[PDB]
Amino acid sequence: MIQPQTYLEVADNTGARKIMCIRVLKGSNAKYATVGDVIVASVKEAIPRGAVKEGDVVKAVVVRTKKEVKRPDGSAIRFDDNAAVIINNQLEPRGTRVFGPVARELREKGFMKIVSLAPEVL
Amino acid sequence: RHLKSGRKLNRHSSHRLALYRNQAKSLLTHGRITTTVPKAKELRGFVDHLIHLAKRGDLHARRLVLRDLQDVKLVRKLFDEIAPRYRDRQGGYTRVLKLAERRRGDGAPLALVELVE
Amino acid sequence: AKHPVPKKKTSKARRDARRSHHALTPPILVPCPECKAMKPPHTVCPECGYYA
Amino acid sequence: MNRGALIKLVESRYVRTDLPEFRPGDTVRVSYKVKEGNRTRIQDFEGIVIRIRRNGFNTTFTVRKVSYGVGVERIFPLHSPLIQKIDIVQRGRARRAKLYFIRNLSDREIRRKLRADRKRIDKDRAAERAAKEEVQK
Amino acid sequence: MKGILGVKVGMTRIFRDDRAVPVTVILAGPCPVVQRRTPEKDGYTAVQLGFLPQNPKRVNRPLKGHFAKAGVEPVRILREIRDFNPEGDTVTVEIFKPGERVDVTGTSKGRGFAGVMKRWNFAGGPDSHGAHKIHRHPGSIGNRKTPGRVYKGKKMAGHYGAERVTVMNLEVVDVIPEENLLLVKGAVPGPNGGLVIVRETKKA
RNA sequence: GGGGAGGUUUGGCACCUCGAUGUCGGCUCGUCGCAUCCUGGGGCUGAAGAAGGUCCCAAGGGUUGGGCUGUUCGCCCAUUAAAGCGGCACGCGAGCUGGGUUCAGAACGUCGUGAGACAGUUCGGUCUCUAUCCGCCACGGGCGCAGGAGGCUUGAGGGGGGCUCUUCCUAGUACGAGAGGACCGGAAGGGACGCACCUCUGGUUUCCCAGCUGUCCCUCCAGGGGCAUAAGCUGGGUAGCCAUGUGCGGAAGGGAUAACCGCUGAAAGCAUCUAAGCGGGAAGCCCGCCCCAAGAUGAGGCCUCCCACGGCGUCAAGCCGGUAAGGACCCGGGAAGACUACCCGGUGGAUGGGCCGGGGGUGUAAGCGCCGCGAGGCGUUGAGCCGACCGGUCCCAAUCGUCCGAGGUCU
RNA sequence: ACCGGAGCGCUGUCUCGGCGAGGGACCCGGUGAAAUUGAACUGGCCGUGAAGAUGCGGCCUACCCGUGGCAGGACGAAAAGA
RNA sequence: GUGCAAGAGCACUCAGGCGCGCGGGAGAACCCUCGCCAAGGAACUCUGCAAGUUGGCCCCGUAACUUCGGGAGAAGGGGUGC
RNA sequence: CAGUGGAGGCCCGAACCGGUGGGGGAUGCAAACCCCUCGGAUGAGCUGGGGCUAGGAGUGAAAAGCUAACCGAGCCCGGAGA
RNA sequence: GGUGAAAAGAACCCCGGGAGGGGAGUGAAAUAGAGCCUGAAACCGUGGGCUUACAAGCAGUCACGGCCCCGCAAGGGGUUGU
Ligand SMILES: [Mg+2]
Ligand SMILES: [Mg+2]
Ligand SMILES: [Mg+2]
Ligand SMILES: [Mg+2]
Ligand SMILES: [Mg+2]
Ligand SMILES: [Mg+2]
Ligand SMILES: [Mg+2]
Ligand SMILES: [Mg+2]
Ligand SMILES: [Mg+2]
Ligand SMILES: [Mg+2]
Ligand SMILES: [Mg+2]
Ligand SMILES: [Mg+2]
Ligand SMILES: [Mg+2]
Ligand SMILES: [Mg+2]
Ligand SMILES: [Mg+2]
Ligand SMILES: [Mg+2]
Ligand SMILES: [Mg+2]
Ligand SMILES: [Mg+2]
Ligand SMILES: [Mg+2]
Ligand SMILES: [Mg+2]
Ligand SMILES: [Mg+2]
Ligand SMILES: [Mg+2]
Ligand SMILES: [Mg+2]
Ligand SMILES: [Mg+2]
Ligand SMILES: [Mg+2]
Ligand SMILES: [Mg+2]
Ligand SMILES: [Mg+2]
Ligand SMILES: [Mg+2]
Ligand SMILES: [Mg+2]
Ligand SMILES: [Mg+2]
Ligand SMILES: [Mg+2]
Ligand SMILES: [Mg+2]
Ligand SMILES: [Mg+2]
Ligand SMILES: [Mg+2]
Ligand SMILES: [Mg+2]
Ligand SMILES: [Mg+2]
Ligand SMILES: [Mg+2]
Ligand SMILES: [Mg+2]
Ligand SMILES: [Mg+2]
Ligand SMILES: [Mg+2]
Ligand SMILES: [Mg+2]
Ligand SMILES: [Mg+2]
Ligand SMILES: [Mg+2]
Ligand SMILES: [Mg+2]
Ligand SMILES: [Mg+2]
Ligand SMILES: [Mg+2]
Ligand SMILES: [Mg+2]
Ligand SMILES: [Mg+2]
Ligand SMILES: [Mg+2]
Ligand SMILES: [Mg+2]
Ligand SMILES: [Mg+2]
Ligand SMILES: [Mg+2]
Ligand SMILES: [Mg+2]
Ligand SMILES: [Mg+2]
Ligand SMILES: [Mg+2]
Ligand SMILES: [Mg+2]
Ligand SMILES: [Mg+2]
Ligand SMILES: [Mg+2]
Ligand SMILES: [Mg+2]
Ligand SMILES: [Mg+2]
Ligand SMILES: [Mg+2]
Ligand SMILES: [Mg+2]
Ligand SMILES: [Mg+2]
Ligand SMILES: [Mg+2]
Ligand SMILES: [Mg+2]
Ligand SMILES: [Mg+2]
Ligand SMILES: [Mg+2]
Ligand SMILES: [Mg+2]
Ligand SMILES: [Mg+2]
Ligand SMILES: [Mg+2]
Ligand SMILES: [Mg+2]
Ligand SMILES: [Mg+2]
Ligand SMILES: [Mg+2]
Ligand SMILES: [Mg+2]
Ligand SMILES: [Mg+2]
Ligand SMILES: [Mg+2]
Ligand SMILES: [Mg+2]
Ligand SMILES: [Mg+2]
Ligand SMILES: [Mg+2]
Ligand SMILES: [Mg+2]
Ligand SMILES: [Mg+2]
Ligand SMILES: [Mg+2]
Ligand SMILES: [Mg+2]
Ligand SMILES: [Mg+2]
Ligand SMILES: [Mg+2]
Ligand SMILES: [Mg+2]
Ligand SMILES: [Mg+2]
Ligand SMILES: [Mg+2]
Ligand SMILES: [Mg+2]
Ligand SMILES: [Mg+2]
Ligand SMILES: [Mg+2]
Ligand SMILES: [Mg+2]
Ligand SMILES: [Mg+2]
Ligand SMILES: [Mg+2]
Ligand SMILES: [Mg+2]
Ligand SMILES: [Mg+2]
Ligand SMILES: [Mg+2]
Ligand SMILES: [Mg+2]
Ligand SMILES: [Mg+2]
Ligand SMILES: [Mg+2]
Ligand SMILES: [Mg+2]
Ligand SMILES: [Mg+2]
Ligand SMILES: [Mg+2]
Ligand SMILES: [Mg+2]
Ligand SMILES: [Mg+2]
Ligand SMILES: [Mg+2]
Ligand SMILES: [Mg+2]
Ligand SMILES: [Mg+2]
Ligand SMILES: [Mg+2]
Ligand SMILES: [Mg+2]
Ligand SMILES: [Mg+2]
Ligand SMILES: [Mg+2]
Ligand SMILES: [Mg+2]
Ligand SMILES: [Mg+2]
Ligand SMILES: [Mg+2]
Ligand SMILES: [Mg+2]
Ligand SMILES: [Mg+2]
Ligand SMILES: [Mg+2]
Ligand SMILES: [Mg+2]
Ligand SMILES: [Mg+2]
Ligand SMILES: [Mg+2]
Ligand SMILES: [Mg+2]
Ligand SMILES: [Mg+2]
Ligand SMILES: [Mg+2]
Ligand SMILES: [Mg+2]
Ligand SMILES: [Mg+2]
Ligand SMILES: [Mg+2]
Ligand SMILES: [Mg+2]
Ligand SMILES: [Mg+2]
Ligand SMILES: [Mg+2]
Ligand SMILES: [Mg+2]
Ligand SMILES: [Mg+2]
Ligand SMILES: [Mg+2]
Ligand SMILES: [Mg+2]
Ligand SMILES: [Mg+2]
Ligand SMILES: [Mg+2]
Ligand SMILES: [Mg+2]
Ligand SMILES: [Mg+2]
Ligand SMILES: [Mg+2]
Ligand SMILES: [Mg+2]
Ligand SMILES: [Mg+2]
Ligand SMILES: [Mg+2]
Ligand SMILES: [Mg+2]
Ligand SMILES: [Mg+2]
Ligand SMILES: [Mg+2]
Ligand SMILES: [Mg+2]
Ligand SMILES: [Mg+2]
Ligand SMILES: [Mg+2]
Ligand SMILES: [Mg+2]
Ligand SMILES: [Mg+2]
Ligand SMILES: [Mg+2]
Ligand SMILES: [Mg+2]
Ligand SMILES: [Mg+2]
Ligand SMILES: [Mg+2]
Ligand SMILES: [Mg+2]
Ligand SMILES: [Mg+2]
Ligand SMILES: [Mg+2]
Ligand SMILES: [Mg+2]
Ligand SMILES: [Mg+2]
Ligand SMILES: [Mg+2]
Ligand SMILES: [Mg+2]
Ligand SMILES: [Mg+2]
Ligand SMILES: [Mg+2]
Ligand SMILES: [Mg+2]
Ligand SMILES: [Mg+2]
Ligand SMILES: [Mg+2]
Ligand SMILES: [Mg+2]
Ligand SMILES: [Mg+2]
Ligand SMILES: [Mg+2]
Ligand SMILES: [Mg+2]
Ligand SMILES: [Mg+2]
Ligand SMILES: [Mg+2]
Ligand SMILES: [Mg+2]
Ligand SMILES: [Mg+2]
Ligand SMILES: [Mg+2]
Ligand SMILES: [Mg+2]
Ligand SMILES: [Mg+2]
Ligand SMILES: [Mg+2]
Ligand SMILES: [Mg+2]
Ligand SMILES: [Mg+2]
Ligand SMILES: [Mg+2]
Ligand SMILES: [Mg+2]
Ligand SMILES: [Mg+2]
Ligand SMILES: [Mg+2]
Ligand SMILES: [Mg+2]
Ligand SMILES: [Mg+2]
Ligand SMILES: [Mg+2]
Ligand SMILES: [Mg+2]
Ligand SMILES: [Mg+2]
Ligand SMILES: [Mg+2]
Ligand SMILES: [Mg+2]
Ligand SMILES: [Mg+2]
Ligand SMILES: [Mg+2]
Ligand SMILES: [Mg+2]
Ligand SMILES: [Mg+2]
Ligand SMILES: [Mg+2]
Ligand SMILES: [Mg+2]
Ligand SMILES: [Mg+2]
Ligand SMILES: [Mg+2]
Ligand SMILES: [Mg+2]
């Protein structure tokens, strides 16, 4: 479950390394954001002269979580860290090649751009 | 509320535990022990396990009962006289009887734990 | 002595009233097989003994 | 009415026996009936079993594996209709029931911490190839 | 207006076609009609359904005559079902086809004298900076000289749960007539053993 | 330039209170007003559409998280359908806090010869276990209910709930130069909230299992106990209770209305929604759903069971005892519970305890054999131990027994 | 152990509470206080009155008596207002 | 007395002494004291108040600044049993 | 420079002295206490016993602090029925 | 501060561990029996009469009625339903 102060790992090559969440984008008052949810977030650290710098407020989409996601088929799935990818207002990834696994949930959300670039769509 | 669970007990743990042990010791030393109704009902089930266990024989079962009762001689007596007497009597190796007396001073209801015979 | 304090002396009437359900209730006893003596149900008894 | 158990168990005809034994601390890959865009496929999942959560029916179990630098864990209902074929791959010394401690030290130390249960290994390969020859003739 | 008594037997999940489904299992044994009340004899329409078998000795009551008045094995319990005059002499799980949605009444679990936080999911107080006296308290409860009293129905701590609770629109899943079983969409009031009634919902 | 409403601001007056009516903020808990921030309805538009403007109707519900400050307020970040304004002693300190201010300490600026002083500033600085009454939440005992008793009920009356968005289909159609982009009707997903539940996910699980240190002891070795908390520490855990987990709810629908739209239609040959009359029309009103509920003393209904008088008061109202149906005590006990109440059982019995089996947890007891100098390893072994769950079995325990309870007024 | 600003670590401070242990609370037996106290047979609303009424007016509601619990009122107690 | 780098520290324990002059149950809310917690990790709040983190020894290693003594246990890291 | 040496209102830490912060306690165990935490810990150190200084007076690393549980002038009689 | 004129201060029996009672006995008197003359009031209690579980109150007053009580009646006492 991601929330306001939560730090996320960056799954893509956008140049950012870690972004703290800023606001979970959803209802007028959504408490948490899980896989496939888009969030506003400040960049808290980034590679030198990347595409996006520190302090840049950006939109991003959760791809991995530490809290396990329940599947309709009774199955479940859990990662080692909370990660996310930076996106456009067009809702498309600012970066290219996005490394590290992702949840199948991203598919039913319209993020096939990501699942395509993603190596392990688990 | 959460009494959806097995039995009840006073004191803390190490205390109440040593309590069950200490009653059992006496109870296997005298066969007939008078005590408060509650203490009795709980002690009832505790001893029955010790008997049915002594009903076995292997030194494992012996050493097992050695954890609660500490006197080697008392447990010796258990595996010799006590257990056989209760041969073939699966379960209910002990009895509890409500006494009509009430301890003066605290007004506690008394009862009796008898090794059945 | 502190915060909560009785605002008025409770009248003797209102006092006694509260002690309405205060009254005791007699013990329950039954004749035994042994003596004609009265034992409380589900019990042994001195000067009477028992069986089994 | 004195059947509260059997009754719940009656509903349990959804059971399955095709599935092999497997105790925590030994890698295992399951083929899972995953649905793609709209079609169906069988995604494989190779990894160590960390937890088996017995509870009669609906007894689940979980599997953890490294996947491109990231650790992943999947929980599977044992009698899940979606589990195509669960294939063992290697068995090892448990010495413990639930073993998450592997989350803290995923490395070559995990290997030297989870030996190889030669006991079950022998019984496996033996009863496998030996029972083959008996079914043949 | 279908209806039928039963007991919550337990709950586990089954697999629909290819997705898992948490379902509760109710047991609505054969319920013998004991008295049909018409607008003539009473003032409404309804049926008295009996339930579990009974030791004829325990029912020495005048109930024996009520049972005889309809000639039925002494049941243990019996409740009415409004606006519902069936057929035959007994209702069964046969009344419910899988897919039909039902309302299940039941008696919630007994929590006794429960705190306000427990009961009304209040907020209580701060665990740190404040006084270690109001950690789980309701805090304020009114105003000043006006109204100078406390609103009837103010949420406060007290006996809670263990009451008539009806959950609704639960879809009936596979129903086994072979054993008088009845599966539902899981959440249903009461403990595993409580008498529950199962009616027809209101979707329209 | 003129008339007024409100009683949230600043203030005037000095009326209760100085043998005390605790002050600002915050928290907790709210509730009410409507002059409506959002959602619903509607008129006009300099309303093409979408978006918006102003005015009318309407509280049902809703009305986010954070940075700065003691702040209220305000500014700002990110979002929203919207982030409404007031009252309730600027609601709430016998509910909490005590950051602000109004005790003593100390300091800066400033004023005073001075001691000191300053709605100027700065650091520090005791917020009082026990509720008698009203009120309130819960739970009982009494009596009543025109005969007594068991079960099942009606529902006057009251309470709960009442929110909302996004995408898609209609259709890229109407409208439009283009960009944009609908009414109406239909589908799917979601936020917060509420009720219930433990399958699942995830907690706890105080002794269920295992490992480990120090030490003291049983019995020298092995094995085991005590203590290191009120578990010594550690790894792990059923049932129960739970949310982070699952289900389901807000309706639909009927009826009457608000603003407003309209039919027929005079008064007043025309004209008018009105004066007689009628139709349409809200997230709102009534009902419908869900909960309580006959102390509804206006004590309701149904079904069934028991039913004369045995002795005093001359009509009349009553009193004493044995009883009936039936009830209570007493006991074993419960996802019932502070107590009491409630429900099940009490030998014609499985209610509890034990025991057996199953589920579950732990994860290969001990002893012996074997390999190694040794610490240890391997085998017998998924062994041993094993709460609470699902059942079974009279081994123990619910023995025996007692008390109460009508005899039914009159027209 | 002075007063301010920041960051890393770690956290039930918080989102947001949950379960558990023990000592009280609660029931039974023994002992048994206190401040306070005009007398009380001490309900709601809207008026009203020395201007914030259980006690006046009008209306509404309400069988008698307890136990556990909450603090809104009794301008609650306390101290002849600093 | 044993153990832990040392010790009058800590844990257990001799000799010696004691279980604190009301008990018996039950296993509500609430209070105290204490244990644990998914995800998040100061969002709490006047303030990280409180709590948690870290902790002993041995080795490696250590900055600005300095009044050359300090800053230093800086910091960061490795080892620890049989 | 190495060795020896063992300085210090030096460091860490019990006893002992003290009272940072928090919680509890508030008709208390207690007219200042308890728990956790925290300062000093060879010194301007702590402490036993014997002595001296007092009411406009004494003491005071200075708070108008202390001078027998309330000190901007102790307590007890007395002027005094101010 | 106070038995009584005098101690004549209650032998003996009964219940009880005792305390205290019950008879007996002294005395004019023993509710003059020993911290004992008289023995008021608040306050606690037992028995009897009237009364009370649809009711709203500074507790009274005025009226009528009912029940009990002194008198033959007329009258008066007590209680309280409206
Ligand atoms: Mg990090
Ligand atoms: Mg943005
Ligand atoms: Mg920067
Ligand atoms: Mg910026
Ligand atoms: Mg993390
Ligand atoms: Mg790919
Ligand atoms: Mg590839
Ligand atoms: Mg894939
Ligand atoms: Mg249970
Ligand atoms: Mg012990
Ligand atoms: Mg212990
Ligand atoms: Mg057992
Ligand atoms: Mg054992
Ligand atoms: Mg009286
Ligand atoms: Mg009395
Ligand atoms: Mg008996
Ligand atoms: Mg005999
Ligand atoms: Mg069952
Ligand atoms: Mg099969
Ligand atoms: Mg295919
Ligand atoms: Mg019945
Ligand atoms: Mg009904
Ligand atoms: Mg809280
Ligand atoms: Mg405080
Ligand atoms: Mg306090
Ligand atoms: Mg009022
Ligand atoms: Mg169950
Ligand atoms: Mg004007
Ligand atoms: Mg005003
Ligand atoms: Mg006002
Ligand atoms: Mg004014
Ligand atoms: Mg004047
Ligand atoms: Mg004043
Ligand atoms: Mg006063
Ligand atoms: Mg006051
Ligand atoms: Mg003030
Ligand atoms: Mg603020
Ligand atoms: Mg309006
Ligand atoms: Mg306006
Ligand atoms: Mg809408
Ligand atoms: Mg128009
Ligand atoms: Mg408009
Ligand atoms: Mg328009
Ligand atoms: Mg428009
Ligand atoms: Mg509002
Ligand atoms: Mg409402
Ligand atoms: Mg805001
Ligand atoms: Mg702030
Ligand atoms: Mg601030
Ligand atoms: Mg300002
Ligand atoms: Mg600014
Ligand atoms: Mg700003
Ligand atoms: Mg702005
Ligand atoms: Mg925005
Ligand atoms: Mg605002
Ligand atoms: Mg306004
Ligand atoms: Mg308000
Ligand atoms: Mg005002
Ligand atoms: Mg003002
Ligand atoms: Mg108040
Ligand atoms: Mg306060
Ligand atoms: Mg305040
Ligand atoms: Mg202050
Ligand atoms: Mg303070
Ligand atoms: Mg001034
Ligand atoms: Mg000025
Ligand atoms: Mg100023
Ligand atoms: Mg300032
Ligand atoms: Mg300040
Ligand atoms: Mg200040
Ligand atoms: Mg303070
Ligand atoms: Mg206290
Ligand atoms: Mg209390
Ligand atoms: Mg009072
Ligand atoms: Mg009052
Ligand atoms: Mg009351
Ligand atoms: Mg009642
Ligand atoms: Mg009706
Ligand atoms: Mg009513
Ligand atoms: Mg109604
Ligand atoms: Mg809506
Ligand atoms: Mg177009
Ligand atoms: Mg055109
Ligand atoms: Mg766990
Ligand atoms: Mg569990
Ligand atoms: Mg144990
Ligand atoms: Mg064990
Ligand atoms: Mg040994
Ligand atoms: Mg040991
Ligand atoms: Mg010991
Ligand atoms: Mg010992
Ligand atoms: Mg101890
Ligand atoms: Mg510790
Ligand atoms: Mg655990
Ligand atoms: Mg929830
Ligand atoms: Mg209109
Ligand atoms: Mg129009
Ligand atoms: Mg005309
Ligand atoms: Mg017209
Ligand atoms: Mg008309
Ligand atoms: Mg008109
Ligand atoms: Mg109409
Ligand atoms: Mg209409
Ligand atoms: Mg409408
Ligand atoms: Mg309505
Ligand atoms: Mg009813
Ligand atoms: Mg009735
Ligand atoms: Mg009736
Ligand atoms: Mg008969
Ligand atoms: Mg007869
Ligand atoms: Mg006859
Ligand atoms: Mg006759
Ligand atoms: Mg009878
Ligand atoms: Mg059992
Ligand atoms: Mg082995
Ligand atoms: Mg072995
Ligand atoms: Mg061994
Ligand atoms: Mg041998
Ligand atoms: Mg050999
Ligand atoms: Mg070797
Ligand atoms: Mg060996
Ligand atoms: Mg096993
Ligand atoms: Mg055990
Ligand atoms: Mg067992
Ligand atoms: Mg059962
Ligand atoms: Mg008889
Ligand atoms: Mg009788
Ligand atoms: Mg009669
Ligand atoms: Mg007539
Ligand atoms: Mg400041
Ligand atoms: Mg009590
Ligand atoms: Mg006083
Ligand atoms: Mg009034
Ligand atoms: Mg008047
Ligand atoms: Mg009362
Ligand atoms: Mg009450
Ligand atoms: Mg009581
Ligand atoms: Mg209180
Ligand atoms: Mg004065
Ligand atoms: Mg004065
Ligand atoms: Mg020593
Ligand atoms: Mg060692
Ligand atoms: Mg110690
Ligand atoms: Mg711990
Ligand atoms: Mg842990
Ligand atoms: Mg946590
Ligand atoms: Mg952090
Ligand atoms: Mg931060
Ligand atoms: Mg700070
Ligand atoms: Mg701290
Ligand atoms: Mg270390
Ligand atoms: Mg540590
Ligand atoms: Mg530096
Ligand atoms: Mg060091
Ligand atoms: Mg050091
Ligand atoms: Mg280290
Ligand atoms: Mg190590
Ligand atoms: Mg030198
Ligand atoms: Mg030195
Ligand atoms: Mg020197
Ligand atoms: Mg120092
Ligand atoms: Mg050291
Ligand atoms: Mg000393
Ligand atoms: Mg000192
Ligand atoms: Mg302190
Ligand atoms: Mg302080
Ligand atoms: Mg303090
Ligand atoms: Mg304090
Ligand atoms: Mg010296
Ligand atoms: Mg020196
Ligand atoms: Mg000195
Ligand atoms: Mg000296
Ligand atoms: Mg001294
Ligand atoms: Mg001295
Ligand atoms: Mg001296
Ligand atoms: Mg003088
Ligand atoms: Mg002087
Ligand atoms: Mg001087
Ligand atoms: Mg003195
Ligand atoms: Mg003094
Ligand atoms: Mg003077
Ligand atoms: Mg004096
Ligand atoms: Mg003079
Ligand atoms: Mg005389
Ligand atoms: Mg004399
Ligand atoms: Mg004399
Ligand atoms: Mg005497
Ligand atoms: Mg006599
Ligand atoms: Mg006489
Ligand atoms: Mg006499
Ligand atoms: Mg007299
Ligand atoms: Mg006399
Ligand atoms: Mg006498
Ligand atoms: Mg005497
Ligand atoms: Mg005389
Ligand atoms: Mg008295
Ligand atoms: Mg008295
Ligand atoms: Mg009255
Ligand atoms: Mg005469
Ligand atoms: Mg006369």
# chains A, B, ... in the order shown; residues from 1 in each chain; ligands from 1

$ residues_near_ligand --ligand "ligand 74" --cutoff "9 Å" --atoms "only C-alpha atoms (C1' of nucleotides) and all ligand atoms" --output "list in words"
residues 6, 7, 8, 9, 10 and 11 of chain C; 132 and 133 of chain F; 37, 40 and 42 of chain G

$ write_last_selection --atoms "C-alpha atoms (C1' of nucleotides)" --output "PDB file, in the first residue's frame"
ATOM      1  CA  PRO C   6     -23.178  14.761  46.855  1.00  0.00           C
ATOM      2  CA  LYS C   7     -25.272  17.883  46.228  1.00  0.00           C
ATOM      3  CA  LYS C   8     -27.844  17.062  48.915  1.00  0.00           C
ATOM      4  CA  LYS C   9     -28.295  14.788  51.907  1.00  0.00           C
ATOM      5  CA  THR C  10     -30.292  11.906  50.442  1.00  0.00           C
ATOM      6  CA  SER C  11     -33.623  11.732  52.263  1.00  0.00           C
TER       7      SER C  11
ATOM      8  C1'   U F 132     -25.789  12.257  45.188  1.00  0.00           C
ATOM      9  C1'   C F 133     -29.703  14.193  41.730  1.00  0.00           C
TER      10        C F 133
ATOM     11  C1'   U G  37     -25.562  18.229  52.518  1.00  0.00           C
ATOM     12  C1'   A G  40     -37.121  17.664  48.405  1.00  0.00           C
ATOM     13  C1'   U G  42     -35.516  16.972  41.971  1.00  0.00           C
TER      14        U G  42
END

$ residues_around --residues "residue E:136" --least-positions-apart "2" --cutoff "6 Å" --atoms "only C-alpha atoms (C1' of nucleotides)" --output "MDAnalysis selection string"
chainID E and resid 124:125 134

$ residues_near_ligand --ligand "ligand 31" --cutoff "10 Å" --atoms "only C-alpha atoms (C1' of nucleotides) and all ligand atoms" --output "PDB file with N, CA, C and O atoms (P, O5', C5', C4', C3', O3' and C1' of nucleotides), in the first residue's frame"
ATOM      1  P     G F   7     -31.314  36.688  15.202  1.00  0.00           P
ATOM      2  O5'   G F   7     -29.863  37.120  15.721  1.00  0.00           O
ATOM      3  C5'   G F   7     -28.713  36.439  15.233  1.00  0.00           C
ATOM      4  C4'   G F   7     -27.475  37.143  15.733  1.00  0.00           C
ATOM      5  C3'   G F   7     -27.381  37.236  17.255  1.00  0.00           C
ATOM      6  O3'   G F   7     -26.057  36.980  17.717  1.00  0.00           O
ATOM      7  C1'   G F   7     -27.367  39.409  16.284  1.00  0.00           C
ATOM      8  P     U F   9     -19.912  38.203  17.611  1.00  0.00           P
ATOM      9  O5'   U F   9     -19.037  39.107  16.608  1.00  0.00           O
ATOM     10  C5'   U F   9     -17.874  38.552  15.995  1.00  0.00           C
ATOM     11  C4'   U F   9     -17.096  39.610  15.239  1.00  0.00           C
ATOM     12  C3'   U F   9     -16.667  40.817  16.062  1.00  0.00           C
ATOM     13  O3'   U F   9     -15.451  40.569  16.772  1.00  0.00           O
ATOM     14  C1'   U F   9     -17.672  41.546  14.057  1.00  0.00           C
ATOM     15  P     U F  10     -15.265  41.115  18.271  1.00  0.00           P
ATOM     16  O5'   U F  10     -15.182  42.702  18.072  1.00  0.00           O
ATOM     17  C5'   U F  10     -13.979  43.290  17.590  1.00  0.00           C
ATOM     18  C4'   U F  10     -14.143  44.779  17.355  1.00  0.00           C
ATOM     19  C3'   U F  10     -14.605  45.598  18.551  1.00  0.00           C
ATOM     20  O3'   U F  10     -13.545  45.897  19.449  1.00  0.00           O
ATOM     21  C1'   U F  10     -15.857  46.200  16.700  1.00  0.00           C
ATOM     22  P     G F  11     -13.808  45.770  21.026  1.00  0.00           P
ATOM     23  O5'   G F  11     -15.081  46.725  21.289  1.00  0.00           O
ATOM     24  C5'   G F  11     -14.937  48.150  21.303  1.00  0.00           C
ATOM     25  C4'   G F  11     -16.247  48.897  21.102  1.00  0.00           C
ATOM     26  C3'   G F  11     -17.118  49.119  22.324  1.00  0.00           C
ATOM     27  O3'   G F  11     -16.561  50.095  23.187  1.00  0.00           O
ATOM     28  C1'   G F  11     -18.437  48.767  20.394  1.00  0.00           C
ATOM     29  P     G F  12     -17.084  50.228  24.699  1.00  0.00           P
ATOM     30  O5'   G F  12     -18.591  50.764  24.560  1.00  0.00           O
ATOM     31  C5'   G F  12     -18.854  52.059  24.035  1.00  0.00           C
ATOM     32  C4'   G F  12     -20.309  52.435  24.232  1.00  0.00           C
ATOM     33  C3'   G F  12     -20.815  52.169  25.637  1.00  0.00           C
ATOM     34  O3'   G F  12     -20.601  53.350  26.390  1.00  0.00           O
ATOM     35  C1'   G F  12     -22.342  51.311  24.020  1.00  0.00           C
TER      36        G F  12
END

$ residues_near_ligand --ligand "ligand 22" --cutoff "9 Å" --atoms "only C-alpha atoms (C1' of nucleotides) and all ligand atoms" --output "ChimeraX atom specification"
/E:79-82 /F:153

$ atom_distance --atom1 "atom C1' of residue F:128" --atom2 "atom CA of residue C:2"
6.6 Å

$ interface_residues --of "chain G" --to "chain C" --cutoff "6 Å" --atoms "only C-alpha atoms (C1' of nucleotides)" --output "number ranges by chain"
G: 34-37, 77

$ atom_distance --atom1 "atom CA of residue B:77" --atom2 "atom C1' of residue F:227"
29.2 Å

$ select_by_dssp --residues "chain B" --states "helix (DSSP H, G or I)" --output "PyMOL selection string"
chain B and resi 13-30+37-54+59-66+72-85

$ closest_atom_pairs --of "chain F" --to "ligand 11" --cutoff "8 Å" --atoms "only C-alpha atoms (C1' of nucleotides) and all ligand atoms" --output "CSV"
residue,atom,partner,partner_atom_place_in_ligand_line,distance
F:227,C1',ligand 11,1 (Mg),6.8
F:229,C1',ligand 11,1 (Mg),6.5
F:231,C1',ligand 11,1 (Mg),7.1
F:232,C1',ligand 11,1 (Mg),8.0

$ residues_near_ligand --ligand "ligand 108" --cutoff "12 Å" --atoms "only C-alpha atoms (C1' of nucleotides) and all ligand atoms" --output "list in words"
residues 145, 152, 153, 154, 294, 296, 299, 300, 301 and 302 of chain F

$ interface_residues --of "chain H" --to "chain B" --cutoff "12 Å" --atoms "only C-alpha atoms (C1' of nucleotides)" --output "list in words"
residues 22, 23, 24, 25, 26, 27, 28 and 29 of chain H

$ residues_near_ligand --ligand "ligand 19" --cutoff "10 Å" --atoms "only C-alpha atoms (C1' of nucleotides) and all ligand atoms" --output "JSON, numbers by chain"
{"D": [13, 14, 15, 16, 17, 18, 19, 79]}
